[PDB]
Amino acid sequence: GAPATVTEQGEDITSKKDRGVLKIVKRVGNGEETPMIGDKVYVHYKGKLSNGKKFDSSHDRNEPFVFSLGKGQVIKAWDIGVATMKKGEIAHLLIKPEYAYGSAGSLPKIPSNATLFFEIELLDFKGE
Ligand SMILES: COc1cc2cc(c1OC)OCCCn1cc(nn1)C[C@@H](C)COC(=O)[C@@H]1CCCCN1C(=O)[C@H]2C1CCCCC1
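Residues numbered from 1 in each chain as written, not as in the entry; some residues may be left out. Heavy atoms only, no water. Residues with missing side-chain atoms left out of burial classes, pairs and counts.

The deposited coordinates derive from X-ray crystallography, with the record listing a resolution of 1.500 Å.

Caption draft 1: Quick look at unusual backbone geometry. For the bond from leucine 107 to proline 108, the omega torsion is 0°, close enough to zero to count as cis. Tracing the sequence through the fold places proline 108 in the loop between β6 (90-95) and β7 (116-126). (Helix = DSSP H or I, 4+ residues; strand = E, 2+ residues; numbered from the N terminus.)

Caption draft 2: Geometry of the site of the ligand. Looking at the ligand, there are 16 residues lining it, with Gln73, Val74, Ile75, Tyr101 and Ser106 nearest. The contact in question runs from an oxygen atom of the ligand to an N or O atom on the backbone of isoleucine 75, over 2.9 Å. For the ligand, an oxygen atom lies 2.7 Å from a polar atom in the side chain of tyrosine 101. Expressed as a share of its isolated accessible area of 730 Å², the protein-covered part of the ligand is 72%. According to the grid-proximity analysis, the pocket containing the ligand is the largest pocket. Among the elements that make up the shell around the ligand, the one with the highest residue count is strand β3 (residues 40-49) (four residues). (Near = heavy atom within 4 Å. Polar contact = N/O pair within 3.5 Å; in protein donor to acceptor, adjacent residues only side chain to side chain. Areas by Shrake-Rupley, 256 points an atom, 1.4 Å probe, with all protein chains shown as cover. 1 Å grid on protein atoms, 1.4 Å probe; cavity = no way out; pocket = protein on both sides within 12 Å on 5 of 7 lines; lining within 4 Å. Sits in = over half its atoms within 2 Å of the grid points.)

Caption draft 3: Structural context of the layout of surface pockets. As a volume, the largest pocket reaches approximately 330 Å³. Taken together, the elements giving at least two residues each to the lining of the largest pocket come down to β3, β4 (55-57) and β7. Per-element accounting of the lining of the largest pocket gives the leading share, four residues, to β3. Taken together, the residues that form the lining of the largest pocket break down as eleven nonpolar, two polar and four charged. (Points joined across faces, edges and corners; volume = space filled by probe spheres on them. Nonpolar A, V, L, I, M, F, W, Y, C, P; charged D, E, K, R; others polar.)

Caption draft 4: Region of interest: the packing of aromatic side chains. Following the criterion strictly, the structure yields seven aromatic pairs and no others. Ring centres 5.7 Å apart and planes at 75° place the aromatic pair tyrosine 45 and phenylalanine 65 in the edge-to-face group. Of this pair, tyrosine 45 sits in strand β3 while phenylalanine 65 is found in strand β5 (residues 65-68), placing the two residues 20 residues apart along the sequence. Judged by centre distance (5.7 Å) and plane angle (50°), the rings of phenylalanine 67 and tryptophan 78 are tilted. With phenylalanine 67 in strand β5 and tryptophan 78 in helix α2 (residues 76-83), this pair connects stretches of sequence that are eleven residues apart. Relative accessible area serves as the criterion here: at 4%, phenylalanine 67 is assigned to the buried category. (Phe/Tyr/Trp six-rings, centres within 6.5 Å; stacked < 30°, edge-to-face > 60°. Buried < 20%, exposed > 50% of the residue type's maximum accessible area, 1.4 Å probe, protein only.)

So this is what it looks like as structure tokens:
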């Protein structure tokens with residue numbers, strides 16, 4: 001499925017090049033601009049554990065998820081990944097625990113050493 005394709009063909013977008021955050025562009029966005037640290041970013045997403053029956057989606061609430069890039073509301077992988085995206089882009093990210101909830105996890109929601117998969121659509125971003 002989608003996660004396996006990211007493993008096999010995804011680009012490593014980490015600085016350390018440790019394959020901690022792998023990305024496939026599923027739909028190319030518009031223009032050249034990508035968001036700056038501090039920008040408010042508006043997305044739709046679906047997320048799941050790799051090896052789990054936990055699934056989460058913005059589409060359930062039928063409203064975009066909004067956060068400030070780099071301000072710490074979301075996992076490191078999201079700060080790294082969303083910063084690479086253009087408006088209108090859809091991407092798949094596969095994420096090792098070091099860039100998500102680590103060895104500890106965050107129970108009950110997130111277990112120890114969980115790999116996460118997301119599909120993210122970057123709808124818009126706006127400066128502070
Ligand atoms: C729908 O509720 C949740 C969704 C997800 C994780 C959740 C969660 O709350 C229960 O708990 C993680 C542990 C507690 N927590 C929450 C937050 N920080 N720590 C803020 C939260 C915004 C952090 O979430 C993220 O960084 C990522 C990216 C943004 C969208 C949600 N994210 C999740 O990790 C999901 C998670 C995805 C995989 C399947 C289980 C849910």
